[PDB]
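First, one chain by itself in structure tokens, the form deposited in one PDB entry.
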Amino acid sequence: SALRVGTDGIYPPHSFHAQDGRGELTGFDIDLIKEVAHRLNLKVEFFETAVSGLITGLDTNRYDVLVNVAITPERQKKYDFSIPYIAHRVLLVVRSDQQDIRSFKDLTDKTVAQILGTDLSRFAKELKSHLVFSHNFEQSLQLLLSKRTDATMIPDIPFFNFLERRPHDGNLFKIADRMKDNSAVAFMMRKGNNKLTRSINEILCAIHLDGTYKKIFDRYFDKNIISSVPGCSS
């Protein structure tokens, strides 16, 4: 009788460990679901797995929520999302020196860092890019920096997180494209968790209504740069 939350804890600021990776699990999503869990009156047990096994871990019932999941028609068929609680916009980031990559269409025939088992990996593959698989967003970016790849497609959130922690690197990159729309991020439960979904929804609304959402989002993102979703009424 706890909320079994899957993550991979190497993705600041969503889900990372304090004290330079050595301490307790922390992050925007983590504090949120933990916050969610407390009001729902439930202990939380985490399970850190690699992203490539994340959804697996949910089909295979080894936990009940995933966090930081982009809403997708594909997933919306097979799963239940909570209400969106944050949004990302997907950037095509390159080295500032970069020349010929001006849109996603241009990723064909260039070398790209994407995280194996992610839609952006499947995208980069579709475009007939040359994939170099990273184990999270820090490495995706470090690979771009190390000339090992020419580009990566990464959300705004991790990528501006990176410009914070490592600010001298905030000049060594550039955004050469973003997606037309931004994308909703929601918790993801197996289909049928109808009951648990709505509770999450109610508590998220409470968390919005009483200032909590604002404290939590404020602890992690720059309000001028990352997009929140709408709040609740009453």
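Each form is matched to the other, and the largest set of C-alpha atoms that superpose within 1.5 Å is called the rigid core. Start at 1 with the first residue shown and count on from there.
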| said: Going by the mean C-alpha B-factor recorded in the entry, which is higher: 12-20 or 206-214? | reply: 206-214
| said: Comparing average C-alpha B factors as deposited, tell me which of 113-121 and 159-167 sits higher. | reply: 159-167
| query | Per the entry, which of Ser82, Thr72, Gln139, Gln98 tops the list for Cα B factor? | reply | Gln98
| request: Going by the CA temperature factor in the entry, name the top one among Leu32, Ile200, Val44, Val185. | output: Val44
| remark: So, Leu58's CA B-factor, relative to its chain, sits in which third? The highest
| query | According to the PDB entry, is the CA B factor of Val5 in the bottom, middle or top third of its chain, that is, lowest, middle or highest? | reply | middle
| request: Looking at the entry's B-factor column for C-alpha atoms only, identify whether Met179 ranks in the lowest, middle or highest third of its chain. | output: middle
| task | Just say lowest, middle or highest third for the CA B-factor of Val36 relative to the other modelled residues in its chain. | result | middle
| query | Where does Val67 sit by CA temperature factor within its chain: lowest, middle or highest third? | reply | lowest
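Here the subject shifts to the form deposited in another entry, a form of this protein not shown in this document.
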| Which of the listed residues (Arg190, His208, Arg178, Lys34) moves its Cα by 2 Å or more between the shown form and the other one when the core is kept in place? | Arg178
| said: After superposing the rigid core, is the C-alpha displacement of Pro84 2 Å or more between the shown form and the other one? | reply: no
| Core-superposed comparison between the shown form and the other one, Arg75 Cα displacement 2 Å or beyond | no
| Fitting the rigid core first, would the Cα of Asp156 be found 2 Å or more away between the shown form and the other one? | no
| query | How does the CA gap of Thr72 and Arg122 change in the other entry versus this form, closer or farther, if it moves 3 angstroms or more? | reply | closer
| remark: Taking the shown form as reference, the Cα pair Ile83 and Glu138 shifts by 3 Å or more in the other entry and sits farther
